[PDB]
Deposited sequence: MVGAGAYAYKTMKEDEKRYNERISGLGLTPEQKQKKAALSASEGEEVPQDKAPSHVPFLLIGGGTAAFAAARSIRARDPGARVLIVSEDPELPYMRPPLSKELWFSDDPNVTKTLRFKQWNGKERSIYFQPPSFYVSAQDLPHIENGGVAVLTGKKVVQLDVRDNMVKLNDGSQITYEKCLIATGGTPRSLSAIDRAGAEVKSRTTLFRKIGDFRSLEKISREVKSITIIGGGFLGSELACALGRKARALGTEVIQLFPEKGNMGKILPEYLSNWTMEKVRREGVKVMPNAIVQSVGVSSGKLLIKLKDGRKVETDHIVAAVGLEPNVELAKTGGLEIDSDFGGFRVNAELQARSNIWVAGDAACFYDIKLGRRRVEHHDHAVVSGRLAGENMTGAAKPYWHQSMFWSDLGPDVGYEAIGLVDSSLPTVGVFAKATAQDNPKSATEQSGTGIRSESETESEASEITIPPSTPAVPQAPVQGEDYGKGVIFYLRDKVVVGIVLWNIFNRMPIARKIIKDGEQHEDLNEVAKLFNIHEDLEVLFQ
């Protein structure tokens, strides 16, 4: 099936890989691109798995994997199978194409010989290679010590299969507990909260921070967000640190360090991500000790014929410094950029990528740049506002709270690197006419 040589080899079949394949095909007409994906599915977008797919009117959504966005229905897959060609035919099809080798994992990378070895022993030589391996969900040490019973009833949410299995659980058990206050955990709490209001079931979200998104948003806005999640039918337990997890009367028992105890039927752990850097060993590729991931330069390049994009890429931002970003749009932007550089562009990361979060069709966040609650922040509000994240009197990150269609404005503010004595005048650029942290 897999040919012996391919011009463009993309390792990983996710968002960054697909954006690169499209970019390569657009920049190099007739290009022959092979995606190798350990997952059995073709490249698909993940944001819907914690959002639109749960708010669908169609009860066959679990099968169709179609969702309504404003309002137009679409598939979770980036392209239908008709868009792709088979790997075996990729060398011979006139004017080339894009092929996906599913159910196959690259286990060895030989940088000197421009070659990889798959889990089945097959070997593929390449001319240009992209590493777009993404990451694997983290787990809690308390769950790793809890035993097989607890582990079998704990979900690490990332893939289509995780959505299908958790959606079935939401219709079978009476209580689900989400561990993690980040965007994924909070989105899933709002999604399961909607499903639980109709079924009369329970949804719990606990995390160590004082409020939802506490590591991202300032405290005043994190607390406002916590109240909104609570009003979606969720029992939110802030300031909760898990000490142990066990099984009691057939139910899961979560013991917190502060003495509280939570009984539940199923657990969903949304506690971050680890970059998939296993190939750095055989490949002799540098890993970044500070941010994790493959260390690459501003052009996303690691070695002469190897680039890295997406969640796994720790890159140099010429304006904001060395970073590693784990956002959907960043995978598209960095994958597209890598693709262009794999066809001779030599372009640095320049167009900043944005990210967003929806806590239902009511609350919506957009953000861009260096967004960290540790940085000093200035928030101008009017249920609506903009949060400026500062560094040396220069806005380095922006959060748009219920403000839409103004990302190009935020992108220009950060690019300009200007200093501002009255950020209230900058807030007017977002149609905002007070809080510090």
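In this entry, the deposited residues absent from the coordinate set span 1-50, 120, 434-484, 536-539.
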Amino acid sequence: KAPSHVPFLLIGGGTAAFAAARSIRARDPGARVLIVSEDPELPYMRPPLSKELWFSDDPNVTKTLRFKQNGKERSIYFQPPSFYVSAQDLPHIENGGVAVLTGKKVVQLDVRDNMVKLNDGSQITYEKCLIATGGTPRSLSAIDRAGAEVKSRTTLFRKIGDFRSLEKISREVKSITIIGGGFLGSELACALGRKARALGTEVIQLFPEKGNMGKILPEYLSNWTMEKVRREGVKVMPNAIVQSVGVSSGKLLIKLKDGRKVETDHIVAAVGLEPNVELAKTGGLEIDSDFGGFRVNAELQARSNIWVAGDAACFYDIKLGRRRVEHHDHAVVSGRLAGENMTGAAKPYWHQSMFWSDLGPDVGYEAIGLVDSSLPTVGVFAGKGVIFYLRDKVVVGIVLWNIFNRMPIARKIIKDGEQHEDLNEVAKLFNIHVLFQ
From here on, numbers count along this sequence of modelled residues.
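For clarity, a rigid core is taken as the largest C-alpha set superposing within 1.5 Å between two forms.
Across the superposed structures in 5 other deposited structures of this protein, aligned by the core, the stretch whose Cα atoms lie more distant on average is 357-365, chosen from 357-365 and 328-336. Here the stretch with the larger average CA B-factor, out of 139-147 and 336-344, is 139-147.
Between 239-247 and 278-286, the higher mean Cα B-factor belongs to 239-247. Considering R323, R158, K261, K128 together, the PDB entry gives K261 the largest C-alpha B factor. By the numbers in the PDB entry, the CA B factor is greatest at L256 among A191, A309, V85, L256. Per the deposited record, the Cα B-factor of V426 falls in the highest third when ranked against the other modelled residues of its chain. In the PDB entry, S152 places in the highest third of its chain by CA B-factor. Sorting the modelled residues of the chain by their CA temperature factor places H328 in the lowest third. Residue-level temperature factors show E227 in the middle third of its chain, judged at the C-alpha atom. For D58, the recorded CA temperature factor ranks within the highest third of the chain's modelled residues.
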